[PDB]
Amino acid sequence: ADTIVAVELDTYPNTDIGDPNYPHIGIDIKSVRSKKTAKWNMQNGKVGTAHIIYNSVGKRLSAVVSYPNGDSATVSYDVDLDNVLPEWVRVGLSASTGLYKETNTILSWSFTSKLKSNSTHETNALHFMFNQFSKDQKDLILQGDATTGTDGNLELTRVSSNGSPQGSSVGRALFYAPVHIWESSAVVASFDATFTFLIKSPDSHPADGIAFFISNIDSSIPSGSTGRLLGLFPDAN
């Protein structure tokens, strides 16, 4: 299977697979069963912002999700990603719907990675920022139901022409270049990511969420990973 690290914005409490019984943000290390969660007031129809930060020194993977009204949820988990992730990875966004649904609309997405060697000034870095997604976004690998160009937005899951979300959808966007996320010789490996999203559901309850993830370079949507699996895992192990 793929190797996944993710920060999940999980809109739907799947308590059968260990979700807490509320919308929550979570840190997923090789399992959908968040090593750590925090309660999250997902505000239906509002533009939210997620920030993900890690460095190899502190070895603490941190995430915050906030809305303009100031409500914010945070989660941090101590993890040495050198021991989790392959040295080269891709990074992406993933979202799903199930039986319940929501738009999983990405308005913007940036990422910075840094690999600082002992050698003096010898930082390697990758940064990208998408504030506008075009129809044919060639630096983005779109997977599953992921489309771009739709209000300048990335729709990770299916939406109808009227902006109505479809259920049992999964989709992801990976940045095209492999990312060197750690290196033997590196003093500091550090990455941060930000994305802004608009999760809107006409249902009883929104589902299933958005995740920022780091995978093996050849990572693909696991079959069946709609719903609670968030486009990330083949199962709930």
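Residue numbers run from 1 along the displayed sequence.
**Request:** Look over 149-157 and 111-119 in the entry and identify the one with the greater average Cα temperature factor.
**Result:** According to the entry, 111-119 carries the higher average C-alpha B-factor.
**Request:** Higher average CA B factor in the deposited record is what I'm after, so tell me if that's 122-130 or 101-109.
**Result:** Comparing averages over the C-alpha atoms only gives 122-130.
**Asked** Of the choices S185, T196, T37, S66, which one's C-alpha carries the largest B-factor in the record?
**Response** Comparing C-alpha B-factors across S185, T196, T37, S66, the maximum falls on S185.
**Prompt:** For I181, does the deposited CA B-factor place it in the lowest, middle or highest third of the chain?
**Reply:** For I181, the deposited C-alpha B-factor lands in the highest third.
**Asked** Considering only modelled residues of the same chain, in which third does the CA B-factor of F212 rank: lowest, middle or highest?
**Response** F212: CA B-factor falls in the lowest third of its chain.
**Message:** How does the C-alpha B factor of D10 compare with the rest of the chain: lowest, middle or highest third?
**Reply:** It belongs to the lowest third of the chain when residues are ordered by C-alpha B-factor.
**Prompt:** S164: which third of its chain by C-alpha temperature factor?
**Reply:** Top third by C-alpha B-factor.
**Request:** Rank-wise, by C-alpha B-factor, drop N21 into the lowest, middle or highest third of its chain.
**Result:** Top third by C-alpha B-factor.
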